[PDB]
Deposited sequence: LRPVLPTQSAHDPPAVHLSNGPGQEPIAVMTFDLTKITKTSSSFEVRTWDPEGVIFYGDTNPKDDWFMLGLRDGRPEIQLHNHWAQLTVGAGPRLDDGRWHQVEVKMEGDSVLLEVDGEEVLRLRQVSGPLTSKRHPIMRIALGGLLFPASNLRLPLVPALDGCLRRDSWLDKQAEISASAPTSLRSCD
């Protein structure tokens, strides 16, 4: 399948942004495969509000890191094996009741419990970058992620309202 570059040159902005109708979402999970040699960066960001209702999955020292900030929880957590070995890795992020689960290469490596209540009309998903300055993170990192993404599925496509790209998407071909 066709893979895309996760950063556009400088890596100061997402390669793509998707907007969703929260009330229409039935599928509360996302999946994709990523390949990279970069130990730090944003794989994807999501929010309903950039100020007080956001989430980020990235890499720090080659391993998955999740930062999350909402009414119920505020945290910075690293988990799972290193993924900056240049191999393709299957990744799934799911909402299971009030928790968020992260599975890597078929194995559950992290479950953040009691982090989300009810389900805020819209949710945004940005790939390879944030929708606010890096300095705004609970724990800053340099967002640029030099890697490839493919076979990605984001939430509920039927609930997708729109998709934007700062610049044209570059293939990892």
### Summary
The record leaves without C-alpha coordinates the deposited-sequence stretches 1 to 12, 132 to 135
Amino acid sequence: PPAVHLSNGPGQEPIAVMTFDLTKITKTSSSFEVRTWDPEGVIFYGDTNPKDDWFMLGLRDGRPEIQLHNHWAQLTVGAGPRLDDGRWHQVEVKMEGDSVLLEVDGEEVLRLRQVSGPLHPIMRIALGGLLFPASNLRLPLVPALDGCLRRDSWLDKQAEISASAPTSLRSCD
From here on, numbers count along this sequence of modelled residues.
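Rigid core (definition): largest C-alpha set, two forms, superposition within 1.5 Å.
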## Note on the structure
Between 47 to 55 and 110 to 118, the one drifting more in C-alpha RMS in 6 other deposited structures of this protein once the core is aligned is 110 to 118
### Task
Could you check which stretch, 16 to 24 or 161 to 169, carries the larger mean CA temperature factor in the entry?
161 to 169
### Message
Mean Cα B factor from the PDB record: higher for 152 to 160, or higher for 5 to 13?
### Response
5 to 13
### Task
For the C-alpha B-factor as written in the entry, point me to the maximum among 116, 36, 67, 29.
116
### Message
According to the Cα B-factor stored in this entry, which of the following is highest: 121, 128, 140, 46?
### Response
121
### Task
Relative to the other modelled residues of the same chain, rank the CA B-factor of residue 106 and answer lowest, middle or highest third.
middle
### Within-chain third of residue 133 by Cα B-factor, per the entry
middle
